[PDB]
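For reference, the chain that follows is the form deposited in one PDB entry, supplied as structure tokens.
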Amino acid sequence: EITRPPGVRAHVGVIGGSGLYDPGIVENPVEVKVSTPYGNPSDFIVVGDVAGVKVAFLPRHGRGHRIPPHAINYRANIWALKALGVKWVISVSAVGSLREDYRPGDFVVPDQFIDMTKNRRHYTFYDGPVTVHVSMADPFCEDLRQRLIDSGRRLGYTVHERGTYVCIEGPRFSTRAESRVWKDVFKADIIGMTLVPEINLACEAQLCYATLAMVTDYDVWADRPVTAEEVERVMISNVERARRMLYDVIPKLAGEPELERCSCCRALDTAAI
């Protein structure tokens, strides 16, 4: 609704995770305040240009990693991006691996998730009187997933083309007994803390959302269990590769997502009663 400065619009949104607090990639940056009914987003949104495409960057944890996963205002974040007019949302996330072949340093473009959060307080925008139940059988935007995979291939990086993300509550990491459940019982591939309810809200807002995950650790399975310092060090070490992928992909998003390859682009048509 109201923005300061007024009149600002963007086409692509990038939500940065661990290690990605500044855009790096946007020219002509302007910090924008966007009103939301849910109060403050995680930080200012930075709007600028990448090869003629207008991009909105939001660090989900705020500058300086000030906001842990459970305390993020997910509703304000997604509302703010929608308000600016974005159609595509690239999330960049750090994840743990539950399988030997998904190695630290590899990218993953997941296609499924399992929600094991509990304390995120709001899992939807729709609390009534219009009841909305979106279909999320195929929760990510396939058009954007395929573009991410392609860019990774072209640049010569390893990109695993599928994966189930188990989203846990945190902020503590998993016990060994929990991790055995995620790996051996649920048959999940990667693990993180921030995907839900971000993805739910993106789908309800009819955005084309996909995750570019970077494997930072093997959870509890290496001779040393994951620590926060390790995750951060690995992301910061590799952020340049993530930036090179964004620069490659974003110019190709000048147009609109293909409806037939965007499960949520018309989600509300059959979801609202």
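For the two forms, the rigid core is made up of the largest set of C-alpha atoms that agree within 1.5 Å on superposition. Numbering starts at 1 and follows the sequence shown.
Enquirer: Tell me which stretch has the larger mean Cα B-factor in this entry, 11-19 or 255-263.
Expert: Per the deposited B-factors, the answer is 255-263.
Enquirer: Using the B-factors recorded in the PDB entry, average over the C-alpha atoms of 176-184 and of 71-79, then report which stretch comes out higher.
Expert: Going by the record's values, the stretch with the higher mean is 176-184.
Enquirer: Which one of 216, 35, 206, 237 shows the biggest C-alpha B-factor in the PDB entry?
Expert: Top of the list by C-alpha B-factor: 237.
Enquirer: Per the entry, which of 64, 39, 52, 59 tops the list for Cα B factor?
Expert: Result of the comparison over 64, 39, 52, 59: 52.
Enquirer: By its CA B factor, does residue 139 count among the lowest, middle or highest third of the modelled residues in the chain?
Expert: Its C-alpha B-factor, which the entry lists for residue 139, ranks in the middle third among residues of this chain.
Enquirer: Can you work out whether the C-alpha temperature factor of residue 151 puts it in the lowest, middle or highest third of the chain?
Expert: Residue 151: CA B-factor falls in the highest third of its chain.
Enquirer: Divide the modelled residues of the chain into thirds by Cα B-factor and specify which third, lowest, middle or highest, holds residue 231.
Expert: Its C-alpha B-factor, which the entry lists for residue 231, ranks in the middle third among residues of this chain.
Enquirer: Could you place residue 106 in the lowest, middle or highest third of its chain by Cα temperature factor, using the values in the record?
Expert: Tercile = middle for this residue's CA B-factor.
Enquirer: When the modelled residues of the chain are sorted by Cα temperature factor, does residue 45 land in the lowest, middle or highest third?
Expert: Tercile = middle for this residue's CA B-factor.
Same protein, other form: the form deposited in another entry, not shown, and the subject of what follows.
Enquirer: Would residue 16 count as moving between the shown form and the other one, using a Cα shift of 2 angstroms or more after superposing the core as the test?
Expert: Not so; residue 16 is displaced by less than 2 Å.
Enquirer: Would you say residue 25 moves its Cα by 2 Å or more between the shown form and the other one, aligning on the core?
Expert: Yes, residue 25 moves 2 Å or more.
Enquirer: Relative to what is shown, are the Cα atoms of residue 198 and residue 22 closer or farther apart in that other deposited form, where the gap shifts by 3 Å or more?
Expert: Farther apart, which means the C-alphas of residue 198 and residue 22 are at least 3 Å more distant in that other deposited form.
Enquirer: Report the direction of the Cα distance change between residue 189 and residue 19 in that other deposited form, compared with the displayed form, as closer or farther; the change is 3 Å or more.
Expert: Farther apart, which means the C-alphas of residue 189 and residue 19 are at least 3 Å more distant in that other deposited form.
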